[PDB]
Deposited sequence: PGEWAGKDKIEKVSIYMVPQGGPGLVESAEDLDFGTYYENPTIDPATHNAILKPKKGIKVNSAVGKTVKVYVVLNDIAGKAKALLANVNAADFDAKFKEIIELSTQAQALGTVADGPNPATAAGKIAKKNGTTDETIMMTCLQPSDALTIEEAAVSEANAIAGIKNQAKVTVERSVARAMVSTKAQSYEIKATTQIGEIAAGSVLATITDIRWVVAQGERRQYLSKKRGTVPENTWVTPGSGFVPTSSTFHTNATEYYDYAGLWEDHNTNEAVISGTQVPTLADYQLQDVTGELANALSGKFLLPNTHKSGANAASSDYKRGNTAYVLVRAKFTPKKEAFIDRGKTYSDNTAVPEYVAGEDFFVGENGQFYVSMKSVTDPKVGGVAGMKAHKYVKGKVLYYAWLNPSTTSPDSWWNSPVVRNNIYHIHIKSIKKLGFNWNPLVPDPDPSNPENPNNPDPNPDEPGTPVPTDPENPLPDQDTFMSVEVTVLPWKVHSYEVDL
């Protein structure tokens, strides 16, 4: 990436002076205009941190003569720190600075079609892209200054993580691995085009500043860390913790078209002066942290498909007409099977074969099977999951995927290898007894009793991979900001 990993704007500075030793009065200087009170950042080439040096003194008022610790929030642009910390006693302040803020309500965590293409997301409320120029992101200190007496330095880290996605190519050729209609193993089966992405299941709340856990399997805890969904509790409780509004980003109401944000190539990241829309894709997407107890297997890892942040990749799968086992045949009712038309719905049976309709799927005269179910791919839409931080890599072993603030998770797609899923079960359904779900852009299009493509109670890894990807975790160019006082 390089220059696309973010350039920061500091708009506001909030300083909290907290007397030590027991009950007492906090002195706060909130939402100070950065330019008025601070010099422009200078980078420490050793640490890659930026240092903010004050120009103007802040009035210490009642804290004069006291031993205090200093806490800092930069860019409290949603007012969340101010509101949480209001009228908090000095004795309660350190604990309060680690308590929970809510970026989206449980109701706001679910969007609908009317919220596209630019839905408010939880993380976007405290991480703003200012045109293509720079970005304003909330930051808080993991720990306050050392104790000092008024007559030091406070390091802060960004409150969001960033997801970035790239692809080797904008099209992929798919080969059959077994006989599919007239297509032999090793021959071309389909082409994938029009690749897009969104991110979901980051959290909707967060600890104001990073909160250490109690066991080594989860260094930093998040409000949702203890939530381990079953197939049923996912639907009733997932929105208590996670944000899904982002599923509607760059949504398109034409089902012939693939919804979501473009996925740039590596070369796109080297282009100078870029369109607005591509610039937005290149700078990625923000999400709030999401961690669970890590383990070495399904039983010991608390990371589940229904509680882990994911990138959803969407694309157009165009199969060769010759792949259809029903091609050229005659139905049991003595009518002819129509050839597949590119871009139209297609149906993939439990047997892996391709059919132009459900009528074909269950008619043995055309290579169907009575009683057999199929996945309906709506106008050829296919879906794939990528986890943000597979720990470790790479196929059937990435049991864990923590997302921690102030990190960038770059997912590079090297290839899409096979047919994906036809809908996204990793979205809470307010009435799970029916397939309708206005909160999901990719609801279940299948007939009753069709096997689900995946389940929220499942572990992360795939037995055999749908995509080849490499994930890189990196810091912002400026790792953290140091505020001098």
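One segment of the deposited sequence has no coordinates for C-alpha: 152 to 167, numbered from the first residue.
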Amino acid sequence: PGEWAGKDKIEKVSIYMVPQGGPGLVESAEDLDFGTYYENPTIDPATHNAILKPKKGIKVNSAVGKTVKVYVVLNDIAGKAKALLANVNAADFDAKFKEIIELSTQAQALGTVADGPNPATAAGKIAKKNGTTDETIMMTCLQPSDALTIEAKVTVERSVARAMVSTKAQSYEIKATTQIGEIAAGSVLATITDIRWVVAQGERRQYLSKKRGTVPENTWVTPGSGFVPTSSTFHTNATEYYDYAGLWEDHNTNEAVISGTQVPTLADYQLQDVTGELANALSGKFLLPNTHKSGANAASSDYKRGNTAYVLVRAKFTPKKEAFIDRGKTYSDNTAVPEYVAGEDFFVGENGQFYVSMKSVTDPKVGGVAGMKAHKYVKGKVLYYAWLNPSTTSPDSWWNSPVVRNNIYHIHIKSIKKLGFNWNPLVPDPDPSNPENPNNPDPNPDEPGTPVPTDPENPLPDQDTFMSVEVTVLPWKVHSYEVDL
From here on, numbers count along this sequence of modelled residues.
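Checked against the record, the higher mean CA B factor of 457 to 465 and 472 to 480 lies with 457 to 465.
Comparing the deposited coordinates for 262 to 270 and 183 to 191, the stretch with the larger average C-alpha B-factor is 262 to 270. In the PDB entry, the Cα temperature factor peaks, among 159, 353, 133, 401, at 133. Highest C-alpha temperature factor among 88, 309, 100, 296, as the PDB entry reports it: 296. In this PDB entry, the Cα temperature factor of residue 15 sits in the middle third of its chain's modelled residues. Ranked by Cα temperature factor within the chain, residue 452 sits in the middle third according to the deposited record. In the PDB entry, residue 432 places in the middle third of its chain by CA B-factor.
Among the modelled residues of its chain, residue 31 has a C-alpha B-factor that falls in the highest third, as given in the PDB entry. Residue 203: CA B factor lies in the lowest third for its chain, per the PDB record.
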